[PDB]
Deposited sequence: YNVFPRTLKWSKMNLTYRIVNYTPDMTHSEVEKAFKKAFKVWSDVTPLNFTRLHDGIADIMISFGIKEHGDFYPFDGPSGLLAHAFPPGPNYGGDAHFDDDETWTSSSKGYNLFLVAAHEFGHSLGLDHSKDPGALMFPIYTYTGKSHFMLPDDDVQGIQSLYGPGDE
């Protein structure tokens, strides 16, 4: 027999992600690089491994949309909500949605995709918001990068340190 896990977390170390569509604001490669770096933030401190899928069903489906986009959490246009992600689980579990009414960038202008993605992926992996103002999982955007200790402690509580 098996009882459900004590916390929402993936039961495997190898996860896949798929970039369903792209934002008008950046090139495909910029977006792909931002997401790759965002995942590396977490794989670097755990035994987690991320492989990108070009199509099909991935553990973490990533998309850009506006207003009502297929869930109970519609976006709100410019500003306000920037993005949201679902904790580990079936179907939409792990999925991360970014508001395409925001101006996404690979620099300090608008909202840096790498930073917001890194925070959202924390959610996709099982982390909720932290109270520590210096944590990546703090619910308010700040532009900067080294994963704060609070986040390291949180993700390792779920998956372990991996090598080192």
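Undergrad: Relative to the deposited sequence, which regions have no modelled C-alpha positions in the structure?
TA: Just one stretch lacks coordinates - namely 145-148.
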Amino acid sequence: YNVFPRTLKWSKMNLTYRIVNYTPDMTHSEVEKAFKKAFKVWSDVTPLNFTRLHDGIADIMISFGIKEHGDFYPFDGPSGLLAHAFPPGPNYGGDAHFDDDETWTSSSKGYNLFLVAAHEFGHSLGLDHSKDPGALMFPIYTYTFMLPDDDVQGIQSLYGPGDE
From here on, numbers count along this sequence of modelled residues.
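Undergrad: Should the higher mean CA B-factor in the entry be assigned to 40-48 or to 102-110?
TA: Here the higher of the two C-alpha B-factor means belongs to 102-110.
Undergrad: Identify the stretch, either 2-10 or 155-163, whose C-alpha atoms have the larger mean B-factor according to the entry.
TA: Per the PDB record, 2-10.
Undergrad: According to the Cα B-factor stored in this entry, which of the following is highest: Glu120, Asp128, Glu32, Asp132?
TA: Answer, based on the entry's C-alpha B-factors: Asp132.
Undergrad: Compare the CA B factors listed in the entry for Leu136, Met26, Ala58, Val116 and report the winner.
TA: Highest C-alpha B-factor among the listed residues goes to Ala58.
Undergrad: For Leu15, return the chain-relative third of its C-alpha B-factor as stated in the PDB record: lowest, middle or highest.
TA: Answer is highest: the recorded C-alpha B-factor places it there.
Undergrad: Please say which third, lowest, middle or highest, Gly94 falls into when its CA temperature factor is compared across its chain.
TA: Lowest third of the chain for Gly94's C-alpha B-factor.
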